[PDB]
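Novice: Got entry11.tsv for you, TSV, N, CA and C atoms:
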chain	number	residue	atom	x	y	z
A	201	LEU	N	-76.40	8.11	5.29
A	201	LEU	CA	-75.89	8.41	6.63
A	201	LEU	C	-74.49	7.84	6.83
A	202	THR	N	-74.22	6.67	6.25
A	202	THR	CA	-72.88	6.10	6.33
A	202	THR	C	-71.86	7.00	5.65
A	203	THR	N	-72.23	7.60	4.51
A	203	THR	CA	-71.33	8.52	3.83
A	203	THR	C	-71.03	9.74	4.69
A	204	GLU	N	-72.04	10.25	5.39
A	204	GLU	CA	-71.82	11.40	6.26
A	204	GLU	C	-70.87	11.06	7.41
A	205	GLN	N	-70.99	9.85	7.96
A	205	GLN	CA	-70.11	9.44	9.04
A	205	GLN	C	-68.65	9.33	8.60
A	206	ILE	N	-68.40	9.23	7.29
A	206	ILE	CA	-67.03	9.21	6.80
A	206	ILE	C	-66.33	10.52	7.13
A	207	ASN	N	-67.01	11.64	6.87
A	207	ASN	CA	-66.42	12.95	7.13
A	207	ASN	C	-66.18	13.17	8.62
A	208	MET	N	-67.13	12.75	9.46
A	208	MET	CA	-66.97	12.90	10.90
A	208	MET	C	-65.78	12.10	11.41
A	209	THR	N	-65.61	10.88	10.90
A	209	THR	CA	-64.46	10.06	11.29
A	209	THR	C	-63.15	10.73	10.90
A	210	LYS	N	-63.10	11.32	9.71
A	210	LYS	CA	-61.90	12.03	9.28
A	210	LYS	C	-61.62	13.23	10.18
A	211	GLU	N	-62.66	13.99	10.52
A	211	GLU	CA	-62.46	15.17	11.36
A	211	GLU	C	-62.04	14.78	12.77
A	212	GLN	N	-62.65	13.74	13.34
A	212	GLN	CA	-62.25	13.28	14.66
A	212	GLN	C	-60.82	12.75	14.65
A	213	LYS	N	-60.37	12.22	13.51
A	213	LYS	CA	-58.98	11.81	13.39
A	213	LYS	C	-58.05	13.01	13.53
A	214	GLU	N	-58.42	14.14	12.93
A	214	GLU	CA	-57.59	15.34	13.03
A	214	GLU	C	-57.48	15.82	14.47
A	215	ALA	N	-58.58	15.73	15.23
A	215	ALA	CA	-58.53	16.10	16.64
A	215	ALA	C	-57.56	15.20	17.40
A	216	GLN	N	-57.58	13.90	17.11
A	216	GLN	CA	-56.59	13.00	17.70
A	216	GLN	C	-55.19	13.34	17.23
A	217	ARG	N	-55.03	13.66	15.94
A	217	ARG	CA	-53.72	14.01	15.41
A	217	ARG	C	-53.22	15.34	15.94
A	218	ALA	N	-54.11	16.19	16.47
A	218	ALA	CA	-53.66	17.44	17.09
A	218	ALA	C	-52.68	17.17	18.22
A	219	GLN	N	-52.87	16.07	18.94
A	219	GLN	CA	-51.90	15.63	19.92
A	219	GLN	C	-50.77	14.87	19.24
A	220	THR	N	-49.58	14.97	19.82
A	220	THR	CA	-48.37	14.28	19.36
A	220	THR	C	-47.95	14.71	17.95
A	221	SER	N	-48.61	15.72	17.39
A	221	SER	CA	-48.27	16.18	16.05
A	221	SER	C	-48.79	17.60	15.86
A	222	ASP	N	-48.00	18.42	15.16
A	222	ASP	CA	-48.38	19.80	14.88
A	222	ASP	C	-48.92	19.99	13.47
A	223	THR	N	-49.02	18.92	12.68
A	223	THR	CA	-49.51	19.00	11.32
A	223	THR	C	-50.63	18.00	11.11
A	224	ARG	N	-51.58	18.37	10.27
A	224	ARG	CA	-52.70	17.50	9.94
A	224	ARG	C	-52.26	16.42	8.96
A	225	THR	N	-53.21	15.59	8.53
A	225	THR	CA	-52.90	14.52	7.59
A	225	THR	C	-52.40	15.07	6.26
A	226	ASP	N	-53.03	16.14	5.77
A	226	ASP	CA	-52.58	16.75	4.52
A	226	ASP	C	-51.25	17.48	4.68
A	227	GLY	N	-50.84	17.78	5.91
A	227	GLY	CA	-49.57	18.42	6.17
A	227	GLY	C	-49.65	19.85	6.66
A	228	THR	N	-50.82	20.48	6.60
A	228	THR	CA	-50.94	21.86	7.06
A	228	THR	C	-50.87	21.93	8.58
A	229	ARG	N	-50.38	23.06	9.08
A	229	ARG	CA	-50.27	23.26	10.52
A	229	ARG	C	-51.65	23.43	11.14
A	230	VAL	N	-51.84	22.81	12.31
A	230	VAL	CA	-53.09	22.95	13.04
A	230	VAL	C	-53.22	24.39	13.52
A	231	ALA	N	-54.41	24.96	13.35
A	231	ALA	CA	-54.66	26.35	13.72
A	231	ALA	C	-55.98	26.56	14.45
A	232	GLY	N	-56.74	25.50	14.71
A	232	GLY	CA	-58.04	25.63	15.34
A	232	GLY	C	-57.96	25.92	16.83
A	233	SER	N	-58.93	25.40	17.57
A	233	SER	CA	-58.97	25.64	19.01
A	233	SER	C	-57.74	25.08	19.71
A	234	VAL	N	-57.30	23.88	19.31
A	234	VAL	CA	-56.11	23.29	19.91
A	234	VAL	C	-54.87	24.12	19.56
A	235	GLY	N	-54.81	24.65	18.34
A	235	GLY	CA	-53.69	25.51	17.97
A	235	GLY	C	-53.65	26.78	18.80
A	236	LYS	N	-54.81	27.38	19.05
A	236	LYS	CA	-54.86	28.57	19.89
A	236	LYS	C	-54.51	28.23	21.33
A	237	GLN	N	-54.90	27.04	21.80
A	237	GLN	CA	-54.59	26.63	23.16
A	237	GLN	C	-53.08	26.51	23.37
A	238	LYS	N	-52.38	25.96	22.38
A	238	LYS	CA	-50.93	25.82	22.49
A	238	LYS	C	-50.24	27.18	22.58
A	239	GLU	N	-50.73	28.16	21.81
A	239	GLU	CA	-50.13	29.49	21.84
A	239	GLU	C	-50.28	30.12	23.22
A	240	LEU	N	-51.40	29.88	23.89
A	240	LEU	CA	-51.58	30.40	25.24
A	240	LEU	C	-50.55	29.81	26.20
A	241	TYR	N	-50.23	28.52	26.03
A	241	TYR	CA	-49.20	27.91	26.86
A	241	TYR	C	-47.84	28.57	26.63
A	242	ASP	N	-47.52	28.87	25.37
A	242	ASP	CA	-46.24	29.52	25.08
A	242	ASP	C	-46.13	30.87	25.76
A	243	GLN	N	-47.21	31.66	25.72
A	243	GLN	CA	-47.20	32.95	26.42
A	243	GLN	C	-47.09	32.75	27.92
A	244	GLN	N	-47.80	31.77	28.47
A	244	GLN	CA	-47.73	31.51	29.90
A	244	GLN	C	-46.35	31.04	30.32
A	245	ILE	N	-45.71	30.20	29.49
A	245	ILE	CA	-44.36	29.73	29.81
A	245	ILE	C	-43.39	30.91	29.87
A	246	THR	N	-43.48	31.82	28.89
A	246	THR	CA	-42.65	33.02	28.92
A	246	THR	C	-43.01	33.90	30.10
A	247	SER	N	-44.30	33.98	30.44
A	247	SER	CA	-44.72	34.79	31.58
A	247	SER	C	-44.12	34.28	32.88
A	248	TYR	N	-44.12	32.96	33.08
A	248	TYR	CA	-43.52	32.40	34.29
A	248	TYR	C	-42.02	32.68	34.34
A	249	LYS	N	-41.33	32.53	33.21
A	249	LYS	CA	-39.91	32.84	33.17
A	249	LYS	C	-39.67	34.33	33.42
A	250	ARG	N	-40.50	35.19	32.83
A	250	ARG	CA	-40.34	36.62	33.04
A	250	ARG	C	-40.69	37.02	34.46
B	151	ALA	N	-121.27	-41.30	-3.72
B	151	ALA	CA	-119.89	-40.98	-3.39
B	151	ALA	C	-119.13	-40.49	-4.61
B	152	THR	N	-119.35	-41.13	-5.76
B	152	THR	CA	-118.70	-40.67	-6.99
B	152	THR	C	-119.18	-39.28	-7.38
B	153	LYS	N	-120.48	-39.02	-7.23
B	153	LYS	CA	-121.00	-37.69	-7.52
B	153	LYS	C	-120.41	-36.64	-6.58
B	154	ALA	N	-120.30	-36.98	-5.29
B	154	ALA	CA	-119.68	-36.06	-4.35
B	154	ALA	C	-118.22	-35.81	-4.69
B	155	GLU	N	-117.50	-36.87	-5.08
B	155	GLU	CA	-116.11	-36.70	-5.49
B	155	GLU	C	-115.99	-35.88	-6.76
B	156	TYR	N	-116.95	-36.02	-7.68
B	156	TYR	CA	-116.93	-35.21	-8.90
B	156	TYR	C	-117.06	-33.73	-8.58
B	157	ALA	N	-117.93	-33.38	-7.62
B	157	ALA	CA	-118.06	-31.98	-7.23
B	157	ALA	C	-116.77	-31.45	-6.62
B	158	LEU	N	-116.09	-32.28	-5.82
B	158	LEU	CA	-114.84	-31.85	-5.21
B	158	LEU	C	-113.78	-31.54	-6.26
B	159	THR	N	-113.66	-32.41	-7.27
B	159	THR	CA	-112.72	-32.15	-8.35
B	159	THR	C	-113.12	-30.92	-9.15
B	160	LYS	N	-114.42	-30.76	-9.41
B	160	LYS	CA	-114.89	-29.59	-10.16
B	160	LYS	C	-114.61	-28.30	-9.39
B	161	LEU	N	-114.85	-28.31	-8.08
B	161	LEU	CA	-114.60	-27.12	-7.28
B	161	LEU	C	-113.11	-26.83	-7.12
B	162	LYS	N	-112.25	-27.83	-7.28
B	162	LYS	CA	-110.82	-27.64	-7.10
B	162	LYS	C	-110.22	-26.72	-8.16
B	163	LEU	N	-110.92	-26.49	-9.27
B	163	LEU	CA	-110.41	-25.60	-10.30
B	163	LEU	C	-110.26	-24.18	-9.79
B	164	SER	N	-111.10	-23.77	-8.84
B	164	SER	CA	-111.03	-22.41	-8.31
B	164	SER	C	-109.71	-22.17	-7.59
B	165	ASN	N	-109.25	-23.13	-6.79
B	165	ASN	CA	-107.99	-22.97	-6.08
B	165	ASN	C	-106.82	-22.89	-7.05
B	166	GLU	N	-106.84	-23.70	-8.11
B	166	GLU	CA	-105.76	-23.66	-9.09
B	166	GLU	C	-105.75	-22.33	-9.84
B	167	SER	N	-106.92	-21.79	-10.15
B	167	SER	CA	-106.99	-20.53	-10.88
B	167	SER	C	-106.42	-19.38	-10.06
B	168	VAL	N	-106.83	-19.27	-8.79
B	168	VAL	CA	-106.32	-18.19	-7.96
B	168	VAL	C	-104.84	-18.37	-7.68
B	169	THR	N	-104.37	-19.61	-7.61
B	169	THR	CA	-102.94	-19.85	-7.42
B	169	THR	C	-102.14	-19.32	-8.61
B	170	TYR	N	-102.64	-19.54	-9.83
B	170	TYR	CA	-101.96	-19.01	-11.01
B	170	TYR	C	-101.92	-17.49	-10.99
B	171	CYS	N	-103.03	-16.85	-10.62
B	171	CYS	CA	-103.04	-15.39	-10.54
B	171	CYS	C	-102.13	-14.90	-9.42
B	172	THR	N	-102.10	-15.61	-8.30
B	172	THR	CA	-101.20	-15.24	-7.21
B	172	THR	C	-99.74	-15.36	-7.62
B	173	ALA	N	-99.39	-16.45	-8.29
B	173	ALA	CA	-98.02	-16.62	-8.77
B	173	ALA	C	-97.67	-15.58	-9.83
B	174	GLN	N	-98.62	-15.27	-10.71
B	174	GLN	CA	-98.38	-14.27	-11.74
B	174	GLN	C	-98.12	-12.90	-11.12
B	175	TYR	N	-98.88	-12.55	-10.08
B	175	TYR	CA	-98.67	-11.27	-9.41
B	175	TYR	C	-97.30	-11.21	-8.75
B	176	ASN	N	-96.86	-12.32	-8.15
B	176	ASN	CA	-95.55	-12.34	-7.50
B	176	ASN	C	-94.43	-12.12	-8.50
B	177	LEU	N	-94.51	-12.76	-9.67
B	177	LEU	CA	-93.49	-12.58	-10.69
B	177	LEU	C	-93.49	-11.16	-11.24
B	178	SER	N	-94.68	-10.60	-11.46
B	178	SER	CA	-94.77	-9.28	-12.09
B	178	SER	C	-94.42	-8.15	-11.13
B	179	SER	N	-94.72	-8.30	-9.84
B	179	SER	CA	-94.57	-7.21	-8.89
B	179	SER	C	-93.54	-7.49	-7.80
B	180	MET	N	-93.66	-8.62	-7.10
B	180	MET	CA	-92.82	-8.85	-5.93
B	180	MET	C	-91.36	-9.06	-6.32
B	181	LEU	N	-91.10	-9.92	-7.30
B	181	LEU	CA	-89.72	-10.23	-7.67
B	181	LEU	C	-88.94	-9.01	-8.15
B	182	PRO	N	-89.44	-8.19	-9.08
B	182	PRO	CA	-88.66	-6.99	-9.45
B	182	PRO	C	-88.44	-6.04	-8.30
B	183	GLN	N	-89.40	-5.91	-7.39
B	183	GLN	CA	-89.22	-5.02	-6.24
B	183	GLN	C	-88.13	-5.54	-5.31
B	184	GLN	N	-88.07	-6.85	-5.10
B	184	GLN	CA	-87.03	-7.42	-4.25
B	184	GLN	C	-85.65	-7.21	-4.85
B	185	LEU	N	-85.54	-7.22	-6.18
B	185	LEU	CA	-84.26	-6.97	-6.82
B	185	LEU	C	-83.74	-5.58	-6.50
B	186	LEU	N	-84.63	-4.58	-6.51
B	186	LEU	CA	-84.23	-3.23	-6.13
B	186	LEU	C	-83.78	-3.18	-4.68
B	187	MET	N	-84.46	-3.92	-3.80
B	187	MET	CA	-84.06	-3.97	-2.40
B	187	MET	C	-82.66	-4.53	-2.25
B	188	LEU	N	-82.34	-5.60	-2.98
B	188	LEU	CA	-81.03	-6.22	-2.86
B	188	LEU	C	-79.93	-5.30	-3.38
B	189	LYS	N	-80.20	-4.56	-4.45
B	189	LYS	CA	-79.19	-3.66	-5.00
B	189	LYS	C	-78.81	-2.57	-4.00
B	190	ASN	N	-79.81	-1.99	-3.31
B	190	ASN	CA	-79.51	-0.96	-2.32
B	190	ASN	C	-78.71	-1.53	-1.16
B	191	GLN	N	-79.03	-2.75	-0.74
B	191	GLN	CA	-78.26	-3.39	0.33
B	191	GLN	C	-76.82	-3.63	-0.11
B	192	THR	N	-76.61	-3.98	-1.38
B	192	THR	CA	-75.26	-4.22	-1.87
B	192	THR	C	-74.42	-2.95	-1.79
B	193	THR	N	-75.00	-1.80	-2.14
B	193	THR	CA	-74.28	-0.54	-2.04
B	193	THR	C	-73.95	-0.20	-0.59
B	194	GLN	N	-74.86	-0.51	0.34
B	194	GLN	CA	-74.62	-0.19	1.74
B	194	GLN	C	-73.43	-0.96	2.29
B	195	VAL	N	-73.24	-2.21	1.84
B	195	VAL	CA	-72.12	-3.01	2.31
B	195	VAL	C	-70.80	-2.36	1.93
B	196	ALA	N	-70.70	-1.84	0.70
B	196	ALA	CA	-69.48	-1.17	0.28
B	196	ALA	C	-69.21	0.07	1.12
B	197	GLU	N	-70.26	0.84	1.42
B	197	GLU	CA	-70.09	2.04	2.24
B	197	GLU	C	-69.62	1.69	3.64
B	198	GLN	N	-70.18	0.63	4.23
B	198	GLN	CA	-69.71	0.18	5.54
B	198	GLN	C	-68.27	-0.31	5.46
B	199	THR	N	-67.89	-0.92	4.33
B	199	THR	CA	-66.49	-1.28	4.13
B	199	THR	C	-65.60	-0.05	4.10
B	200	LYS	N	-66.06	1.02	3.44
B	200	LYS	CA	-65.31	2.27	3.43
B	200	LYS	C	-65.18	2.85	4.83
Translate this structure into structure tokens?
Specialist:
Amino acid sequence: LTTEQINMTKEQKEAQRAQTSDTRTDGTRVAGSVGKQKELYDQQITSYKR
Amino acid sequence: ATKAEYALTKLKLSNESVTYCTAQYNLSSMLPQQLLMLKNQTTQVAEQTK
């Protein structure tokens, strides 16, 4: 069970790293739910300007 | 009184005999099993360190 908690800790770290950073620990761009959420803000920002 | 004391010494052999068998069982069974218990605990400490 301790070994399994290692993976969860790593994944929860990525969720924290989603803030204040656009890249994960390995360097790839975030694309999950938080990545989709940011794209919605970009469209909304353009919508308000338009 | 000496005869009564002789019976007490004679009967005391039973306690010594069962003690030897009890100690023999502990060495043959309990001690090796405890060693396996300690080894698993040692591995858990490293995982918690990780």
Novice: Could you make a table, as a tab-separated table, of the residues of chain B that have an atom within 8 Å of an atom of chain A, each with its nearest atom pair and distance in Å to one decimal, counting only C-alpha atoms, in chain and number order?
Specialist:
residue	atom	partner	partner_atom	distance
B:194	CA	A:202	CA	8.0
B:197	CA	A:202	CA	6.4
B:198	CA	A:202	CA	6.8
B:200	CA	A:206	CA	7.9
Novice: Would you put the residues from that selection into a file with N, CA and C atoms, as a PDB file, in the frame of the given file?
Specialist:
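Final output, again.pdb:
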ATOM      1  N   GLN B 194     -74.860  -0.510   0.340  1.00  0.00           N
ATOM      2  CA  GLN B 194     -74.620  -0.190   1.740  1.00  0.00           C
ATOM      3  C   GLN B 194     -73.430  -0.960   2.290  1.00  0.00           C
ATOM      4  N   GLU B 197     -70.260   0.840   1.420  1.00  0.00           N
ATOM      5  CA  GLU B 197     -70.090   2.040   2.240  1.00  0.00           C
ATOM      6  C   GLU B 197     -69.620   1.690   3.640  1.00  0.00           C
ATOM      7  N   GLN B 198     -70.180   0.630   4.230  1.00  0.00           N
ATOM      8  CA  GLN B 198     -69.710   0.180   5.540  1.00  0.00           C
ATOM      9  C   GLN B 198     -68.270  -0.310   5.460  1.00  0.00           C
ATOM     10  N   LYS B 200     -66.060   1.020   3.440  1.00  0.00           N
ATOM     11  CA  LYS B 200     -65.310   2.270   3.430  1.00  0.00           C
ATOM     12  C   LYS B 200     -65.180   2.850   4.830  1.00  0.00           C
TER      13      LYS B 200
END
Novice: When you count all atoms listed in the file, which of these residues is closest to residue 219 of chain A: A:246, A:204, A:239, A:234?
Specialist: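 Selected residue with least distance to residue 219 of chain A: A:234.
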Novice: For atom CA of residue 222 of chain A and atom N of residue 244 of chain A, determine how far apart the two atoms are, in Å to one decimal place.
Specialist: 18.1 Å
Novice: To one decimal place, how far is atom N of residue 227 of chain A from atom CA of residue 241 of chain A in Å?
Specialist: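 According to the coordinates, atom N of residue 227 of chain A and atom CA of residue 241 of chain A are separated by 23.3 Å.
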Novice: Atom CA of residue 215 of chain A and atom C of residue 245 of chain A are how many Å apart?
Specialist: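 Interatomic distance here is 25.0 Å.
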Novice: Find the residues around residue 213 of chain A up to 8 Å (only N, CA and C atoms counted), leave out those fewer than 6 positions away in its own chain, and share them as a short mmCIF file (atom, residue, chain, number, x, y, z; two decimals) with N, CA and C atoms, keeping the file's coordinate frame.
Specialist:
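Once everything was written out, this is around_27.cif:
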data_model
loop_
_atom_site.label_atom_id
_atom_site.label_comp_id
_atom_site.auth_asym_id
_atom_site.auth_seq_id
_atom_site.Cartn_x
_atom_site.Cartn_y
_atom_site.Cartn_z
N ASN A 207 -67.01 11.64 6.87
CA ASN A 207 -66.42 12.95 7.13
C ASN A 207 -66.18 13.17 8.62
N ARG A 224 -51.58 18.37 10.27
CA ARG A 224 -52.70 17.50 9.94
C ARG A 224 -52.26 16.42 8.96
N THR A 225 -53.21 15.59 8.53
CA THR A 225 -52.90 14.52 7.59
C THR A 225 -52.40 15.07 6.26
#
Novice: Hey, can I get the axis-aligned box for segment 203-222 of chain A? All listed atoms, 6 Å padding on each side, centre and edge lengths in Å to one decimal, as AutoDock Vina command-line options.
Specialist:
--center_x -60.1 --center_y 13.8 --center_z 11.9 --size_x 36.3 --size_y 24.4 --size_z 28.1
Novice: Please write as a PyMOL selection string the list of polymer residues whose atoms come within 8 Å of (-50.9, 20.6, 20.1), counting only N, CA and C atoms and keeping to the coordinates of the file.
Specialist: chain A and resi 217-223+230+234-239
Novice: Enumerate as a PyMOL selection string all residues of chain A assigned to alpha helix (DSSP H) by DSSP on the backbone, naming them with the chain letters and numbers the document uses.
Specialist: chain A and resi 202-218+233-249
Novice: Please return segment 161-182 of chain B, rebuilt to N, CA, C and O atoms, as an mmCIF file, in the frame of the given file.
Specialist:
data_model
loop_
_atom_site.group_PDB
_atom_site.id
_atom_site.type_symbol
_atom_site.label_atom_id
_atom_site.label_comp_id
_atom_site.auth_asym_id
_atom_site.auth_seq_id
_atom_site.Cartn_x
_atom_site.Cartn_y
_atom_site.Cartn_z
ATOM 1 N N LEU B 161 -114.850 -28.310 -8.080
ATOM 2 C CA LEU B 161 -114.600 -27.120 -7.280
ATOM 3 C C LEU B 161 -113.110 -26.830 -7.120
ATOM 4 O O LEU B 161 -112.742 -25.676 -6.864
ATOM 5 N N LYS B 162 -112.250 -27.830 -7.280
ATOM 6 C CA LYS B 162 -110.820 -27.640 -7.100
ATOM 7 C C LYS B 162 -110.220 -26.720 -8.160
ATOM 8 O O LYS B 162 -109.113 -26.209 -7.959
ATOM 9 N N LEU B 163 -110.920 -26.490 -9.270
ATOM 10 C CA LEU B 163 -110.410 -25.600 -10.300
ATOM 11 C C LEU B 163 -110.260 -24.180 -9.790
ATOM 12 O O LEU B 163 -109.379 -23.439 -10.251
ATOM 13 N N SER B 164 -111.100 -23.770 -8.840
ATOM 14 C CA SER B 164 -111.030 -22.410 -8.310
ATOM 15 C C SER B 164 -109.710 -22.170 -7.590
ATOM 16 O O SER B 164 -109.092 -21.105 -7.757
ATOM 17 N N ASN B 165 -109.250 -23.130 -6.790
ATOM 18 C CA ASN B 165 -107.990 -22.970 -6.080
ATOM 19 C C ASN B 165 -106.820 -22.890 -7.050
ATOM 20 O O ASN B 165 -105.874 -22.124 -6.829
ATOM 21 N N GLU B 166 -106.840 -23.700 -8.110
ATOM 22 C CA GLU B 166 -105.760 -23.660 -9.090
ATOM 23 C C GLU B 166 -105.750 -22.330 -9.840
ATOM 24 O O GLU B 166 -104.672 -21.800 -10.145
ATOM 25 N N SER B 167 -106.920 -21.790 -10.150
ATOM 26 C CA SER B 167 -106.990 -20.530 -10.880
ATOM 27 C C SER B 167 -106.420 -19.380 -10.060
ATOM 28 O O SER B 167 -105.622 -18.582 -10.567
ATOM 29 N N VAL B 168 -106.830 -19.270 -8.790
ATOM 30 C CA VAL B 168 -106.320 -18.190 -7.960
ATOM 31 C C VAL B 168 -104.840 -18.370 -7.680
ATOM 32 O O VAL B 168 -104.101 -17.380 -7.545
ATOM 33 N N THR B 169 -104.370 -19.610 -7.610
ATOM 34 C CA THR B 169 -102.940 -19.850 -7.420
ATOM 35 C C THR B 169 -102.140 -19.320 -8.610
ATOM 36 O O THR B 169 -101.072 -18.726 -8.430
ATOM 37 N N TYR B 170 -102.640 -19.540 -9.830
ATOM 38 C CA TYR B 170 -101.960 -19.010 -11.010
ATOM 39 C C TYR B 170 -101.920 -17.490 -10.990
ATOM 40 O O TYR B 170 -100.881 -16.894 -11.305
ATOM 41 N N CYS B 171 -103.030 -16.850 -10.620
ATOM 42 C CA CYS B 171 -103.040 -15.390 -10.540
ATOM 43 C C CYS B 171 -102.130 -14.900 -9.420
ATOM 44 O O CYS B 171 -101.452 -13.875 -9.573
ATOM 45 N N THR B 172 -102.100 -15.610 -8.300
ATOM 46 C CA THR B 172 -101.200 -15.240 -7.210
ATOM 47 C C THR B 172 -99.740 -15.360 -7.620
ATOM 48 O O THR B 172 -98.935 -14.462 -7.347
ATOM 49 N N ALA B 173 -99.390 -16.450 -8.290
ATOM 50 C CA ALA B 173 -98.020 -16.620 -8.770
ATOM 51 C C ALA B 173 -97.670 -15.580 -9.830
ATOM 52 O O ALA B 173 -96.551 -15.057 -9.848
ATOM 53 N N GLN B 174 -98.620 -15.270 -10.710
ATOM 54 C CA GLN B 174 -98.380 -14.270 -11.740
ATOM 55 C C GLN B 174 -98.120 -12.900 -11.120
ATOM 56 O O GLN B 174 -97.243 -12.157 -11.583
ATOM 57 N N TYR B 175 -98.880 -12.550 -10.080
ATOM 58 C CA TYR B 175 -98.670 -11.270 -9.410
ATOM 59 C C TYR B 175 -97.300 -11.210 -8.750
ATOM 60 O O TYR B 175 -96.632 -10.168 -8.771
ATOM 61 N N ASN B 176 -96.860 -12.320 -8.150
ATOM 62 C CA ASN B 176 -95.550 -12.340 -7.500
ATOM 63 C C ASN B 176 -94.430 -12.120 -8.500
ATOM 64 O O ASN B 176 -93.488 -11.363 -8.230
ATOM 65 N N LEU B 177 -94.510 -12.760 -9.670
ATOM 66 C CA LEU B 177 -93.490 -12.580 -10.690
ATOM 67 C C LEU B 177 -93.490 -11.160 -11.240
ATOM 68 O O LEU B 177 -92.426 -10.574 -11.465
ATOM 69 N N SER B 178 -94.680 -10.600 -11.460
ATOM 70 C CA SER B 178 -94.770 -9.280 -12.090
ATOM 71 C C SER B 178 -94.420 -8.150 -11.130
ATOM 72 O O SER B 178 -93.880 -7.127 -11.563
ATOM 73 N N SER B 179 -94.720 -8.300 -9.840
ATOM 74 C CA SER B 179 -94.570 -7.210 -8.890
ATOM 75 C C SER B 179 -93.540 -7.490 -7.800
ATOM 76 O O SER B 179 -92.635 -6.679 -7.591
ATOM 77 N N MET B 180 -93.660 -8.620 -7.100
ATOM 78 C CA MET B 180 -92.820 -8.850 -5.930
ATOM 79 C C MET B 180 -91.360 -9.060 -6.320
ATOM 80 O O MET B 180 -90.464 -8.442 -5.735
ATOM 81 N N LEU B 181 -91.100 -9.920 -7.300
ATOM 82 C CA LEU B 181 -89.720 -10.230 -7.670
ATOM 83 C C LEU B 181 -88.940 -9.010 -8.150
ATOM 84 O O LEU B 181 -87.815 -8.805 -7.663
ATOM 85 N N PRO B 182 -89.440 -8.190 -9.080
ATOM 86 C CA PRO B 182 -88.660 -6.990 -9.450
ATOM 87 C C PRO B 182 -88.440 -6.040 -8.300
ATOM 88 O O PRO B 182 -87.373 -5.406 -8.232
#
